[PDB]
Amino acid sequence: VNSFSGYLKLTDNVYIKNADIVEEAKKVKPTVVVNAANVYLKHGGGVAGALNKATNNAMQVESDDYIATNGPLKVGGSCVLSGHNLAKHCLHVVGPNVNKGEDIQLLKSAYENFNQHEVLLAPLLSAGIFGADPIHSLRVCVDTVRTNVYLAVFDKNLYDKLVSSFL
Ligand SMILES: Nc1nc2ccc(Cl)cc2s1
């Protein structure tokens, strides 16, 4: 049993809810929250800007030190950093950004990072301002992640479309 409430069960391991991931993280304090990161860990907008704002910019300060030491992530890659006031850990995952011309085949590689964690609170990778089709992102998630993933979908309209169209 875990603390996640109000989710619709899609599969054995994937759950979905219309929720603000920031407000969900603040309520649950999950072991892992996933950030929709870019390779520079520049948390300007979308999910990353919202998560970082909720940490009072402490996520960005930590991230800048990580990049200064290690250099940029790979598209499809990840790193584990602090979850600050939102979670124990933040798994920063880089899905491909369609609005930069990145290979959508890298979305499966991105979701494979989730398999290193038994339970996660996450957004749909490459959705929103990363430009991918969220229906596609949900299909790749279900077909790739084997650990228990609780997806927070920001748009009520999109949430209802993802559920209604789910095979
Ligand atoms: N407080 C939140 N801000 C955002 C911004 C973009 C997306 Cl895709 C989800 C969320 S939840």
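In this chain, residues are counted from 1 in sequence order. Heavy-atom basis, side chains included; hydrogens, waters and symmetry copies ignored.
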Between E62 (side chain) and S82 (backbone), is there a donor-acceptor pair under 3.5 Å? yes
If we only count heavy atoms from C-beta on, is the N38 to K100 side-chain gap below 4.5 Å? yes
Are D143 and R139 packed together at the side-chain level, in the sense that at least one heavy-atom pair is separated by less than 4.5 angstrom? yes
Do any N or O atoms from the side chain of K42 and from the backbone of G44 form a donor-acceptor pair under 3.5 angstrom? no
So do the side chains of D103 and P96 get within less than 4.5 Å of each other, counting heavy atoms only? no
Starting from the C-alpha separation in whole Å, work towards a yes-or-no answer on side-chain hydrogen bond (donor to acceptor under 3.5 Å, both in side chains) for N148 and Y15. CA-CA 8 Å; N148 293 324; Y15 294 79; 6.0 Å; no
Could you check whether atom CG of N70 has more than 12 heavy atoms from other residues, nucleotides or ligands sitting under 6.0 Å from it? yes
Compare all side-chain heavy atoms of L107 with those of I104 and state whether any distance is below 4.5 angstrom. yes
Is the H117-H89 ring centre distance short of 6.0 angstrom? no
Minimum heavy-atom separation for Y7 and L151, please, with both atom names. CE2-O, 3.6 Å
For the residue pair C90 and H84, establish whether any side-chain heavy-atom pair is separated by less than 4.5 Å. no
Considering all heavy atoms, the nearest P123-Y111 contact: O-OH, 4.4 Å
Worked verdict on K88 versus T31 for side-chain hydrogen bond (donor to acceptor under 3.5 Å, both in side chains): CA-CA 5 Å; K88 185 174 199 286; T31 305; over 6 Å; no
Compare all side-chain heavy atoms of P30 with those of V119 and state whether any distance is below 4.5 angstrom. no
Is there side-chain contact between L41 and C79, with at least one heavy-atom pair below 4.5 Å? yes
Just by distance, do the side chain of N18 and the backbone of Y159 share a donor-acceptor pair under 3.5 Å? no
